[PDB]
Every structure is written in C-alpha cells, then in structure tokens.
Peer 1: 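Take this structure, written in structure tokens, and hold onto it; I'll ask about it next.
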2 protein chains.
Amino acid sequence: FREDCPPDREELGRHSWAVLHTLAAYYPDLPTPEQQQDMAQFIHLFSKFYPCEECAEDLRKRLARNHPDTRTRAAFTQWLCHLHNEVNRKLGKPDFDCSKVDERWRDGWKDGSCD
Amino acid sequence: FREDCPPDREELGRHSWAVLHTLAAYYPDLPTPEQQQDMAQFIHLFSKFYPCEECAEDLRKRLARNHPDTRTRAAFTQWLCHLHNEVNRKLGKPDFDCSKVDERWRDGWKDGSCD
Ligand SMILES: Cc1cc2nc3c(=O)[nH]c(=O)nc-3n(C[C@H](O)[C@H](O)[C@H](O)COP(=O)(O)OP(=O)(O)OC[C@H]3O[C@@H](n4cnc5c(N)ncnc54)[C@H](O)[C@@H]3O)c2cc1C
Ligand SMILES: Cc1cc2nc3c(=O)[nH]c(=O)nc-3n(C[C@H](O)[C@H](O)[C@H](O)COP(=O)(O)OP(=O)(O)OC[C@H]3O[C@@H](n4cnc5c(N)ncnc54)[C@H](O)[C@@H]3O)c2cc1C
C-alpha cells in the first residue's frame, strides 16, 4: 500500500518500457547519422546499467542477436516493439500487435478512448 | 480511465525519474573509468532524446551548468537527487530530502513500510 517504495522488477520494467517506447515514438523520421549512432549507443548503455542482472544479461544477449535498427522512426519503433515482444514471449505474455505502437505510445487510440 | 494510453508529460516524468533513480541506486560504489564515462554519456544521451522539448532544453542547460558526477554510487545518486530537486523547485514542488534516496529507490524505508 505504500506507493513511494523502490520499484520491484515488474514495476521497474513497466516504467522502463514506457520510457523506451516513448523515446522511440518521438525519434526522427529522418535522423541524422549522429542521431542514429547516439540512439544505438543509448540502447547499448541502457542494457549495461539495467539493474536486473537476469533481465540485463538476457537482454545483452538479445541485442547481440538483434541489433537496434535506428535508421528511421518507423524502423526503430518497430524494432523496439519486436524486441519487447520477445521479452513478452519469454515470460508467457501474449504478443503486442506492433501495428498499434503509434496509437499506444504517441497518438492515442483512433476511437478517441484516450481523449 | 483508459490505462494503455500514451503517457502525458507528468506521467512520462514519473516513469523517467523512477528509471533514472533506480539505475543510479545500483551503479557501482567503485565504478571503473569506462563505467564512469558510460554513465555520463547515458545521461547526456537521455537529455538529447527526452521528448518534451521544454523539459529537454531546460534540462540540457541544467546539465551544462552542473555536470553528472559519476565517480561513485554515493556521488551519483546524490547528484541526481540534487538535479531532480532543481526541477522540483522550478515547478513549485517541495525539496526531496536527498538523505532518503537509498531508502526511497533501493532499500525501502527503515520502518519497514515497504515490506
Ligand atoms: C529491457 C527490459 C528487459 C526485461 N527483462 C526481463 C526479464 O528478463 N525477465 C523478467 O521477468 N522481466 C523482464 N523485464 C520486465 C518485463 O518485461 C515487464 O516489464 C514486467 O514483467 C511487467 O510486465 P507487464 O505485464 O506489466 O507489461 P510490460 O511488458 O512492462 O509492458 C507495459 C505495456 O507496454 C505495452 N506493450 C506490451 N508489449 C509491447 C510491445 N511489444 N511493444 C510496444 N508496447 C508493448 C502494453 O501496453 C503493456 O501493458 C524487462 C523489462 C525491460 C524494460
Ligand atoms: C529529466 C526530466 C526533466 C523534466 N523537466 C520538466 C520540465 O522542464 N517541466 C515540467 O513541467 N516537467 C518536467 N519533468 C516532469 C516533472 O519533473 C515530473 O516528473 C512531473 O511533473 C510529475 O511530478 P510528480 O509530482 O508526480 O513527481 P516526480 O518529480 O515525477 O517524482 C517522482 C517521485 O520521485 C521521488 N522524488 C522527488 N524528488 C526526488 C529527488 N530530488 N530525488 C529522488 N527522488 C525524488 C518522490 O517520491 C516523487 O514522488 C521532467 C522530468 C524529467 C525526468
């Protein structure tokens, strides 16, 4: 019941996926070379400091198997959605439909259910 | 009432301070030179992509005025608490007592109110 407590692994995960998907949703459609480098490196550095060891190793192996595609906002928001679905699958959670990621993390649902 | 909606600036901020303070709380007490460099750069890259423009410019000016101290976990968790209090003050919110940051973001309150 006490809200201002350290978050657990699941709470830290929800915070972290919200931060990552939100950063992705606003990344440029046409990023410069340096922004593309900087986002890849951000993701790398995120995985280095993520404080759940099991999460982070798993994750660093995932990233080795599937490198951040930061060429454009489309590629990068989708890449990150595919990444997050691998973690969902690993954990027995259903796939998120990646075609909804702009709705979910930038624009809101088209039916107006977020307004 | 619909929970799976894009977060607003305040919601994105709570997610983001939770992610940052949590990363800090678990940073090493004796980080290697490369970890020290990597955390400074992480913070820099975070400020580059943070998607609230007003938040980010403000923030990039703050960081120019007061560089991330990543020499140790003590210095870095405190630095980040001081940073977050400047944003609190800017916004008319009261100071967070930085002496509580291990309790709040790693260990839980000493009275056991998080157990
Ligand atoms: C980088 C990272 C690695 C992690 N590794 C582990 C691990 O190894 N083991 C472990 O137990 N936990 C791990 N976690 C935590 C875990 O993924 C969940 O965050 C936590 O279990 C809470 O799950 P949840 O059901 O609340 O939804 P979350 O997975 O946290 O998702 C939050 C919301 O995002 C939306 N969403 C779901 N999937 C996608 C998607 N593919 N794309 C866009 N939006 C989506 C949905 O609205 C969902 O409610 C990791 C978290 C992160 C950020
Ligand atoms: C980097 C960054 C820059 C931002 N810039 C702006 C801006 O320019 N303008 C704007 O309107 N909003 C900005 N925000 C959002 C803003 O700071 C708040 O997150 C948002 O207004 C919600 O505030 P809150 O009252 O819910 O608590 P938050 O400030 O989000 O804090 C969440 C919790 O952290 C704990 N806490 C509070 N202070 C500290 C501290 N100093 N150290 C450790 N723990 C603490 C408390 O438990 C608090 O409830 C920024 C957010 C971030 C992450």
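Naming convention: chains lettered A, B, ... in sequence-line order (proteins, then strands); numbering from 1 in each chain. Values reported hereafter were calculated over all heavy atoms of this structure, with side chains retained and with hydrogens, waters and symmetry mates removed.
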Peer 1: Taking the side chain as C-beta and beyond, is there a heavy-atom pair between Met39(A) and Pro68(A) under 4.5 Å?
Peer 2: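 Side chain of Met39(A) against side chain of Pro68(A), heavy atoms only: no contact under 4.5 Å found.
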Peer 1: Can you measure from CG (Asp95(A)) to CD (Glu86(A)) and round to the nearest 0.5 angstrom?
Peer 2: 10.0 Å
Peer 1: Restricting to non-hydrogen atoms, name the atom on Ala40(B) and the atom on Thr70(B) that form the minimum distance, rounded to 0.1 Å.
Peer 2: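 Reported closest heavy-atom pair: N-CG2, 3.9 Å.
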Peer 1: Taking the inter-plane angle between the rings of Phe76(A) and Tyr27(A) on a 0 to 90° scale, is it parallel (under 30°), tilted (30 to 60°) or perpendicular (over 60°)?
Peer 2: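 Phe76(A) and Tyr27(A): tilted rings.
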Peer 1: Using 4.0 Å as the upper bound for N to carboxylate O, is an ion pair formed by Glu34(B) and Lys48(A)?
Peer 2: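 Judged by the 4.0 Å cut-off on N to carboxylate O distance, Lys48(A) and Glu34(B) do form a salt bridge.
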Peer 1: What distance do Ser16(B) atom OG and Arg9(B) atom CZ have between them, rounded to the nearest 0.5 Å?
Peer 2: 12.5 Å
Peer 1: Would you please say whether a donor-acceptor pair under 3.5 Å links the side chains of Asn66(A) and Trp79(A)?
Peer 2: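 There is such a pair between these side chains.
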Peer 1: Is it true that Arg104(A) and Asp102(A) make a salt bridge, defined as a side-chain N closer than 4.0 Å to a carboxylate O?
Peer 2: no
Peer 1: In this structure, are over 12 heavy atoms from other groups packed under 6.0 Å from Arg62(B) atom CZ?
Peer 2: yes
Peer 1: Compare every heavy atom of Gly108(A) with every heavy atom of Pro6(B), then report the nearest pair and how far apart it is.
Peer 2: CG-N, 3.4 Å
Peer 1: Any sub-3.5 Å donor-acceptor pair from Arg73(B)'s side-chain atoms to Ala25(B)'s backbone N or O?
Peer 2: yes
Peer 1: Calculate, to the nearest 0.5 Å, the distance between atoms CG and CD belonging to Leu30(B) and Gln35(B) respectively.
Peer 2: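 The distance works out to 10.0 Å.
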Peer 1: In Å, rounded to the nearest 0.5 Å, how long is the span from CD1 of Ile43(A) to CG of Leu23(A)?
Peer 2: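 CG of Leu23(A) is found 8.0 Å from CD1 of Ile43(A).
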Peer 1: Side chains of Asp111(B) and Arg2(A): does their closest heavy-atom pair fall under 4.5 Å?
Peer 2: yes
Peer 1: Does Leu83(B) share a hydrophobic cluster with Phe49(B), counting links as ILVMFWY side-chain heavy atoms below 4.5 Å and allowing steps through other members?
Peer 2: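 As far as the 4.5 Å side-chain criterion goes, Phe49(B) and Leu83(B) are connected within one cluster.
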Peer 1: Heavy atoms only: give me the nearest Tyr50(A)-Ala56(A) pair and the separation to one decimal.
Peer 2: O-CB, 3.5 Å
Peer 1: Quick one: does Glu11(A)'s side chain have a donor or acceptor within less than 3.5 Å of a partner on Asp8(A)'s backbone?
Peer 2: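 Checked: pair present.
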Peer 1: Going hydrophobic residue to hydrophobic residue with side-chain gaps under 4.5 angstrom, can you get from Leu59(B) over to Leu80(B)?
Peer 2: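 In one cluster with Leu59(B): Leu80(B), yes.
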Peer 1: Backbone N or O of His44(A) within a donor-acceptor pair of the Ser47(A) side chain at under 3.5 Å?
Peer 2: yes
Peer 1: Would you say the side-chain atoms of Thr77(B) pair up with the backbone N or O of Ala74(B), donor to acceptor, closer than 3.5 Å?
Peer 2: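 At least one qualifying donor-acceptor pair exists.
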Peer 1: Assign the ring pair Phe46(B) / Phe42(A) to parallel, tilted or perpendicular, where the plane angle (0 to 90°) is split at 30° and 60°.
Peer 2: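 Plane angle between 30° and 60°, so tilted.
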Peer 1: Under 3.5 Å, is there a donor-acceptor pair between the side chain of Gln41(A) and the main chain of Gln37(A)?
Peer 2: no
Peer 1: Under a 4.0 Å threshold between the charged nitrogen and the carboxylate oxygen, would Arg60(A) count as salt-bridged to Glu57(A)?
Peer 2: yes
Peer 1: Following the transitive rule for hydrophobic clusters with a side-chain heavy-atom cut-off under 4.5 Å over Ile, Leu, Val, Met, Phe, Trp and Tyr, establish whether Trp105(B) and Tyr26(B) coincide in one cluster.
Peer 2: no
Peer 1: Atom CH2 in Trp17(B), atom NE2 in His15(A): separation rounded to 0.5 Å?
Peer 2: 14.0 Å
Peer 1: Tell me whether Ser113(A) contacts the main-chain N or O of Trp109(A) through its side chain, where contact means a donor paired with an acceptor under 3.5 Å.
Peer 2: no
Peer 1: With a 4.5 Å cut-off on side-chain heavy atoms, are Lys90(A) and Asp58(A) touching?
Peer 2: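 Sidechains of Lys90(A) and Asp58(A): in contact.
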Peer 1: If you measure from OG1 on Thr22(A) to CG on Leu12(B), what distance do you get to the nearest 0.5 Å?
Peer 2: 5.0 Å
